[PDB]
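[1] Below you'll find the sequence and an experimental structure to go with it.
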Amino acid sequence: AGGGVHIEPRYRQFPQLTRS
Amino acid sequence: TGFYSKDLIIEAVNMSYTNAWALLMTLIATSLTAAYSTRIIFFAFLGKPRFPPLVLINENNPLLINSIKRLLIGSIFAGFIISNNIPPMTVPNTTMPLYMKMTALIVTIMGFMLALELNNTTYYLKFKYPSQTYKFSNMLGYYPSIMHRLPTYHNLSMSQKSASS
Amino acid sequence: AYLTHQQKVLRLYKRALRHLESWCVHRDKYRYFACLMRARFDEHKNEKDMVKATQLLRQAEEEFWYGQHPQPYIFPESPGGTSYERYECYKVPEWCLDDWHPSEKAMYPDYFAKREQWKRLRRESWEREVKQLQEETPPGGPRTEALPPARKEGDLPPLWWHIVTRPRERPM
Amino acid sequence: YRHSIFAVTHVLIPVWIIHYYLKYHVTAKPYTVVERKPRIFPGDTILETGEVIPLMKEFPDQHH
Amino acid sequence: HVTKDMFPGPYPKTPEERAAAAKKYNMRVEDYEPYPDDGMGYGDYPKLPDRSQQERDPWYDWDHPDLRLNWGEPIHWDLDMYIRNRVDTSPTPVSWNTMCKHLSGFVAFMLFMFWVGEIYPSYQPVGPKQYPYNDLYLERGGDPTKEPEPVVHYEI
Amino acid sequence: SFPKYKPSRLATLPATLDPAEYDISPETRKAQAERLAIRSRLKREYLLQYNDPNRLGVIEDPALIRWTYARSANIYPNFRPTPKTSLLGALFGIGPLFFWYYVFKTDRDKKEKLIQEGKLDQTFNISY
Amino acid sequence: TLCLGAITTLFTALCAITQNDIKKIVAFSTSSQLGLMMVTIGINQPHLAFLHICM
Amino acid sequence: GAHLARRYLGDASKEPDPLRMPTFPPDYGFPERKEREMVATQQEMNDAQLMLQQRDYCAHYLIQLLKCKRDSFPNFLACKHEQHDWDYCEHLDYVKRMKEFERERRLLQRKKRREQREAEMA
Amino acid sequence: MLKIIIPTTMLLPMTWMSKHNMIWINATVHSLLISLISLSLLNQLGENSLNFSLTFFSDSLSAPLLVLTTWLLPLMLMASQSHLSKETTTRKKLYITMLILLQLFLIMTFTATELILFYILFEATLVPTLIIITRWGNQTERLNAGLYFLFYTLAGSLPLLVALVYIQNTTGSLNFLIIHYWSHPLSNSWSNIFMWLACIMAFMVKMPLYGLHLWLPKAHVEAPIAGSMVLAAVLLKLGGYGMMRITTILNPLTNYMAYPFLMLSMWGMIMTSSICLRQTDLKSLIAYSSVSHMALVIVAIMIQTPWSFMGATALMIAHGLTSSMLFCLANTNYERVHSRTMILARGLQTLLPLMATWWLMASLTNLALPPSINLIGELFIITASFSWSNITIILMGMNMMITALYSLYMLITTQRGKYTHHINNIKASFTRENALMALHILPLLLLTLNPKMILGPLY
Amino acid sequence: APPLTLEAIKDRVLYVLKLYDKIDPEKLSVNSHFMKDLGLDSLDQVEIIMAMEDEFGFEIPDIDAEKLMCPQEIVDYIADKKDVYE
Amino acid sequence: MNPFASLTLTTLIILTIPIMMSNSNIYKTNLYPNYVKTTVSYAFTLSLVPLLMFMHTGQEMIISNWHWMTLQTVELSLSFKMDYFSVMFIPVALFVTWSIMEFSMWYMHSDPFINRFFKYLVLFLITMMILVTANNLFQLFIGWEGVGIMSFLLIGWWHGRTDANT
Amino acid sequence: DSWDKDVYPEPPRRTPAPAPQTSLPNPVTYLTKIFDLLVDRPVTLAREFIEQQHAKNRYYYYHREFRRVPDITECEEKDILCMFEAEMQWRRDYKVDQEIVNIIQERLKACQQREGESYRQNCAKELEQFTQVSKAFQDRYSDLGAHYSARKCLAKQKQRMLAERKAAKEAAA
Ligand SMILES: CCCCCCCCCCCCCCCCCC(=O)O[C@@H](COC(=O)CCCCCCCCCCCCCCC)COP(=O)(O)OC[C@H](O)CO
């Protein structure tokens, strides 16, 4: 859960995805 | 996958001298098999978010992706490889009347329709008090509430009250 | 103690809506039926006859006891939930750490040094906090499980050690 | 490299001792490794004695 | 330590020793009901309500949270029946009589008319398996010396 | 309205449908007033020995040892031979023993009756 | 065997469509499958049963 | 098929019971009938490790199927014609089954109406 | 023969004349050595028993029990040097004297060639055990427990004395070889039933069957650790050894008279195992489990079938080793908590991680989980009993069903679950306790490779 | 899951009370005692703590539910129940 | 006597190695899950060769290895029977659990006893491939409870959860 | 071969010659090929090394033979000195007969896998040989009791011709 997470969460928003 | 086995089975059990009630039993199960399958896809995926506000949705970990994909490509073909490779070591029934040979597909497609209609009936604003059938099915079919409480109490009560004491 | 009537209806209101949430599932339905359920609650708010309120309560939960979802919704961490004491098997009491071999204790010097301080405070504070308890104990034994704070300055509240040093809810 | 030494000390040497155990101890006793007779079909020859078994008799001409 | 008299004794007859037994289980006399004198040797042990540990409020803080028990309170004579792991008593949403009625009806209806299902089996209008070599007598373990009775299938 | 939930020894009546606390009296509430007092009287000193720094040991529950005593030793001294105990002892004593004797006797009375007349098959039974 | 498989297929599936936990749904789906497997071994279909095991 | 209803819902005496037929002699109604000439002798069918329920007349269209599969390996897309040839024979065997099934079915009620014809005249 | 007896008795002066603090050491050194010598005795010939002299002989049944007893001897010393450390040197030496004197009598009894010689030290084993239970027992009811244990066996043993001397005056010698070769068909005269009853009830008492088993719970619970194991791991087997030797001259009377004992045993195991399901005392729960397993042997021996005898010895060794381990388990957590109630000390696995493992494999062995010798013993008896009658599997299997529940019941109640908060004296387990535990469990799995060693003379 | 801290709780806490239309945003204070100054009915207090319950995903016992009253005290009980200390 | 018989048996002996290595306790207490996953992966790849040998030829083995002990007319022996059922269940079961093993790392990325967890899976995995491969009823009975007891411990993985023990 | 072919009759194996027609390579052949030069040969090289070492210093062992001794049907009543030879000889024949049943059982079990799907009819000779042996074994030692002795075996046998001769008298009529 350290800094540098590429799936950085959100609050009441659509989570970010990746092309992969 | 399941076609190479279940569709053969449902056709096979229909195409044999079996108990009439037992044969009807499989068809209801196959229709019910699709029923809960829709329930999972409907509630879990086809809807609006209902989880807590902080979203931590994630599947990008290669461990999950590799594991699921490894099993996924296996499921895609699966039966085609096995059925074509194993020697023909069962008797294959051939002349099926078309009405029952489609049953393997009819019942599940039928079960799809009502389950879908029943599931999006929740989208309908109307509310209904629990039907006694639902009060039965949802409680694991009434089995654990009784058969895990009545016999366990008697044998235990016998052990202490009688027996030992 | 005295489970007064107003606490009962609030408990009725809270759990019934939780069951109601388990039924409508979809948020718009849940919001809709909660509001009407809310409306039919506060509409009858003027009853000088407290007995009538109880009578109106008597058939309330009976319908709930029919209206209850056979599988209500519980957050897993709560009792009955899937994640109930799931991480209990990991948390271990702090006093067991005193057993640790000196080589093991040497692996964590400063934290063990800070433990020594905590052992030091709990020693003299025990006499201080027990003395406060005796000098203010109500006659005929304690009447309620509620515990008084530390009245004077500097001293710690009585019987603080186990609550303060309780293992964290997520111990790994 | 990590795959190689893993293969040698977990795939290579285990089948080595198993083969030695099978070839000279388990098979050294009768009826320990019993096989199914290799199925032969009409018209297939067998190398141990050479001769081919007769071809299967001509069909009653069923065609779809 | 417990010396002698807080050890359990015999069934108290009169209120005076009933009150002592109530203190003996650190409870008031109005809530100390000894077990009936059936002669099974229950003694002066109090009859506690037949409620499993599952019915205790979990949110309350217990000195034994796994068993949901405080310290020193009289515990049930049958604590090892009603422990959380073992037999529960929590109120099911539907009545026990209906609990048994629907279950017994289901299995009975399922089993009973399964039998009549066996009475009228389901089968396609299909003949038997015409097998060659007098119904495969020789290859079904039949005695080669005992010549099989002639069984041969025709064409239709 | 659904007719009510009838309880049972295995599915007791929940406190939510219990009429007693729904008709509380100017006496019963006072009954549930020293309940916390005795509960606190049992809880307070427990934490005292529980949180005592000098305390190195166990906190023996007098209720606990009472339960073991009442379930281990305090049975026969409080036992009294009565028709209820007498019949129950005979029913759960000689009863099952003689019942199983009868079952096995007839089964062991049917088994040999077959083999003296050669009405049973043990062609491959050797390791008896 | 096919009787036991038959009753197992409903009761597991019948309770399946009313549960609210994914783990409960999936397992009841399994037990419905093993209900179906013994139906196959019921009417002299062992090999197809093993096929169903693989799938 | 529909004979289930005709047996249970209808009169049961007019449906040939699968546990009973054949009952009438094969020659009765079949003058100069032809016997099923099996081609593969018991020997070849035996050492081919052929399972007993498959040891039927159409097994002759199964034995070479395994032969094709043996040389087909590793390819498993071969033997399509042979497999189609094999199950088509099973179809030919199968069509005979309800031919025999309804032969008795068309025979038995014929006696029933014949019996009434030869009984009601008295 | 003498290569084991003299070293055992010669060990007695060693403990008495050893240094003040070396008594535990030097006794442990040679007690292990005696087992090594006894292990050499374990070899057996084809059919003739390994005969040494008129006074001593061994067969394929005595040898596995002989090595078991000598192997046991270090274990009590290992398991006892915790509650006797704060004792005067003479009492410690006197305590050690009791075990080795006891262990001497077991060696003599199993190797005895004459039934009377078998009989004399059959009773002599009680004198040291009575001292151990009463003097060093740590409880109050040990006094009544000692009386119950002593009087029960005596009430059964004395009729055997009259029976045995009657054989002597009627059939000459009672040597095991001569009695086996000159066996005669015992008649069904109404005296012969009482002849049969006397020759059997003596072993029945110290092989607790339903009804005649109330001495075991009080003896096992009240005795110290060393007394509990010896009385549960070898002493109960003394009755078992007696039958295999003594039913040589009880046929065909055993065919008909077996029914009341068979019915009491097969039903008794279901009842006794049911007691285990609701026991409040951990030691008592282990004690009652010994009744069920022994009751299983009762059916095995009384059937008189080659398979039944083989499983009888298999269960005989397995149950003794397992029960000794479980009594070590109960003993190892007892002084930490200073009580015997099971629910007092819950969640021990979180505090003690290795004891969870040791208690785990102890449960599986008592479970008759295959391929542990317990399973071989129980499974062999099932087939022998099933051939005797088809119905018994209902009783036979149901015992295995009940055995699963109570065996795991101690595991979940003690090892798993939430640790109890108030206790804070549970220290990390001493390596002696851990070593003693592996001393028990490891030879059990070692025996899995060679069941033929413990199958018995019928093999 | 990243360690949720007290600043995160209060930011999420007053977010929902600001969301709650009867609690209009301008008079939101960390110590805004509900019925004394917001006039919020206690029968809706039992409704907002379950809003908190879904906000952070856990159950608030009824014993302290009616005691959980102040938005600062809302955060205060949240922190210790999840050992949020940072 | 092809490699079929020899290497179909060595497949089993492959998965036993992680258990033995773990008991040494010198085993890697950090990347143990990676160790076992790759071990099962190789066992899967080995398990192919008996399969490809099967659909080609169709031979099924019976490996009556070391004679345990003989009971008069009974000769109870550790014997493995590589039927068509066993020769194909071995690859698919290995393939599934190998997929599970990769998924298990991601799911249990925080469980402190993760190494113990993976050890339990192998022991279960061992107990099953001796259940499916069982020429005698006794070793079939070996797995029938070896798998059951392994299920008990694995189900009660969270020991504290009272319901999990139940 | 180490064992005897007469004791363990092995019908000749009918292995077909490999004759594929598909053009794509047959993989299994390659797996046996790369197994031969990776596992089989190194095993053989080690094996031929141990065998030559074994033959370097060869030590022998023989099979113990017990000569015939008077058994129990001519041993005098009591006289346990003669009973000892009688009992020991009888028990030796018991183990031999137990091994004889074992030899038949392996042959019967060997047919199962050997004959595959032909097991039902191909080795009916194996079935009857075991049936003949098992029935004869029953008349010899079955139901002798866990304390079986040559006296009981003689006793059980003596009943057999007692009933048989009684049946013979009835049959003669
Ligand atoms: C606590 C009570 C006992 C517990 C259970 C013990 C076992 C129950 C039976 C006890 C029997 C004890 C006596 C047995 C001695 C050996 C018996 C023997 O060898 O058989 C003789 C059996 O003869 C007997 O009479 C033996 C005694 C029979 C029972 C009577 C006495 C025993 C019961 C009462 C005493 C014990 C009870 C306790 C009393 C406080 C054979 O002699 P016979 O009578 O055939 O002599 C030849 C001819 O026929 C005439 O002599």
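    On my side now, so go ahead. Residues are numbered from 1 along each chain as shown, chains lettered A, B, ... in the order given.

[2] Tally up the residues packed near whichever residue of chain A sits closest to chain C, please.
    Nearest residue of chain A to chain C, counting by CB to the nearest CB: residue A:1, 11.7 Å away. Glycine gets a C-beta too; all of them are placed from N, C-alpha and C. Residue A:1: 8 surrounding residues under other CB atoms under 10 Å in any protein chain shown.

[3] Could you pull up the residues touching it?
    Residue A:1 sits next to J:1, J:2, J:3 when contact means CB atoms under 8 Å, 6 or more residues apart in numbering or on different chains.

[4] Secondary structure element holding the first one?
    Here residue J:1 sits in a region with no helix or strand, counting by DSSP states H and E.

[5] Surely it is in contact with residue B:56?
    Yes. Contact criterion CB atoms under 8 Å: residue J:1 and residue B:56 qualify, at 6.3 Å.

[6] which one is residue D:51 nearest to, not counting chain neighbours?
    Using CB to CB, 6 or more residues apart in numbering or on different chains and skipping the chain neighbours, the partner closest in space to residue D:51 is residue D:45 (6.7 Å).

[7] hang on, isn't that neighbour packed against residue D:54?
    No. Distance between residue D:45 and residue D:54: 11.0 Å, which falls outside the contact criterion (CB under 8 Å).

[8] Now for the closest residue to chain A within chain L, how many residues are close by?
    Residue nearest to chain A within chain L: residue L:27 (33.5 Å; CB to the nearest CB). Here the number of neighbours of residue L:27 (other CB under 10 Å) works out to 15.

[9] cool, residue I:420 as well?
    23.

[10] Repeat that for residue I:63.
    For residue I:63, the count of nearby residues is 25 (other CB under 10 Å).

[11] hang on, it is in a helix, isn't it?
    Yes. Secondary structure assignment places residue I:63 in a helix (DSSP: H, G, I helix; E, B strand; the rest coil).

[12] Wait, it touches residue I:39, no?
    No. Look at residue I:63 against residue I:39 with CB under 8 Å: they stay out of range, at 9.4 Å.

[13] Ramachandran coordinates for residue K:62?
    Recorded main-chain torsions at residue K:62 are phi -140, psi 110, according to degrees, to the nearest 10.

[14] Kindly report the same for residue D:52.
    Dihedral angles of residue D:52 (phi, psi; degrees, to the nearest 10) stand at phi -90, psi 140.

[15] which one is it nearest to, not counting chain neighbours?
    Ranked by CB to CB, 6+ apart and with sequence neighbours excluded, the top spatial neighbour of residue D:52 is residue D:45, at 3.8 Å.

[16] Pull the contacting residues for that neighbour.
    The contact partners of residue D:45, by CB under 8 Å, 6+ apart, come to D:51, D:52, D:53, L:16, L:17, L:19.

[17] what residues are up against the third one?
    Counting by CB under 8 Å, 6+ apart, residue D:53 makes contact with D:40, D:42, D:43, D:44, D:45, D:46, H:44.

[18] what's the spacing between it and chain C?
    Per CB to the nearest CB, to the nearest Å, residue D:53 is found 65 Å from chain C.

[19] Stretch L:15-29 and chain H in contact?
    Yes. For a cut-off given as CB under 8 Å from any CB of the partner chain, stretch L:15-29 has contacts with chain H, namely L:19, L:20, L:21, L:22, L:24, L:25, L:26, L:27, L:28.

[20] these two touch, right, the fourth one and residue H:70?
    No. Using CB under 8 Å as the test, residue L:22 is too far from residue H:70 to be in contact (9.9 Å).

[21] So for the two, which sits in the more crowded spot?
    For the pair residue L:22 and residue H:70, the greater number of neighbours falls to residue H:70 (23 against 15), based on other CB under 10 Å.

[22] Mind listing residues that contact the helix or strand the more buried one falls within?
    Under the criterion of DSSP H and E, residue H:70 resides in helix H:60-72. Contacts of helix H:60-72 with the rest of the structure, by CB under 8 Å, 6+ apart, involve B:87-88, D:39, D:41-44, D:56, D:59, D:62, H:38-40, H:44-45, H:48, H:50, H:54, H:76, H:78-79, H:82-83, H:85-86, H:89, K:55-56, L:19-22.

[23] what's the following helix or strand after it?
    Sequence order places helix H:80-120 as the next helix or strand after helix H:60-72, per DSSP H and E.

[24] wait, which of the contacts of residue D:45 is closest to chain E?
    Using CB to the nearest CB, the contacts of residue D:45 come closest to chain E at residue D:53, 18.5 Å.
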